[PDB]
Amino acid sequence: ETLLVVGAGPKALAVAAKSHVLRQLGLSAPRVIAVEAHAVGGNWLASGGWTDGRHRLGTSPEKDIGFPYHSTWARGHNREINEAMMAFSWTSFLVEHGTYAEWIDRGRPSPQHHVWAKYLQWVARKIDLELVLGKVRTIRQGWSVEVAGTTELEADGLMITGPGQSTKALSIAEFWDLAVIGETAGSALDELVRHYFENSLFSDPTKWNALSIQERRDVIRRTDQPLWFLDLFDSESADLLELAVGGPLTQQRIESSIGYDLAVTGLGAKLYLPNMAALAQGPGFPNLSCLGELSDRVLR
């Protein structure tokens, strides 16, 4: 009945929103709480350090919080959840702001990172996101999260989102105040020269486990600081994570551990790591390719 999320980004909002509709439809769903160091949609803003905010989303903005508003496998009230959910869509956003015609008339431009933010923030308003402003300091098991506002929050499930800190590698974060490695790569390479089947799986990965591990890894390869989050775990809880995983915390190990609901599910408590559910469950889960199956996974 209570699910904590590190970061208030697309995934956080994706999970929250789906929870908002489920319970509001007579169905059960976790109460959803995001802890967020900076702001809803923070990593899409200039002050987030990962981008200037000016470069454009590199996937179609329709691929949003509820996309693709469909399940190959789900149970119960599918028609009505989808419908409810489209209320929080990109198109729904444009139409509340009365700019939907402008969008269409301009040729559907891909939005700036900073407007994608406005979107996220808007979804937060729309579902009255239960939001804790603060920085997750440490995590431990049932989970208890130390948030520096310094205080603790107990929750039953836990989701980690974000690619980490734009400051920790210059660092990309430093790079936007003023030999380059790695989309993010795509952008900053940009501002330096001056100074159907594969795609289906990203949005629909329910045929994922019917092609070789060699094949999947290839889809993940060519797709283009992943373990940053380990730091948040005390030794005690990282230990407990080393166990379920069945060895030291690399990602041959972490990735393969990750179950159908995006949770490891070798522990006494659920830890959701969608950013590492590419190889196991579907290559879109790490990003914006299918936020709606992601939400579907952790709540249904």
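Numbers for residues come from their place in the sequence shown, where the first is 1.
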With respect to the deposited sequence, how many residues separating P109 from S110 are not represented by coordinates: none, 1 to 3, 4 to 9, or 10 or more? none
Deposited residues absent from the coordinates between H195 and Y196, none, 1 to 3, 4 to 9, or 10 or more? 10 or more
As stated in the PDB record, which stretch has the larger average Cα B-factor, 100-108 or 211-219? 211-219
Name the higher of the two by mean Cα B-factor in the PDB entry, 132-140 versus 113-121. 132-140
Between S89, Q225, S203, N82, where does the Cα B-factor run highest in the record? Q225
In the PDB entry, which of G41, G66, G266, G58 has its C-alpha at the highest B-factor? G266
Relative C-alpha B-factor of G162, binned into the chain's lowest, middle or highest third: lowest
Report the third (lowest, middle or highest) to which the CA temperature factor of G26 belongs, ranking only the modelled residues of the same chain. highest
In terms of its chain's C-alpha B-factors, the third that includes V95 is the lowest
Divide the modelled residues of the chain into thirds by Cα B-factor and specify which third, lowest, middle or highest, holds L45. middle
Would you mind checking where the Cα B-factor of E236 ranks among the modelled residues of its chain, as the lowest, middle or highest third? highest
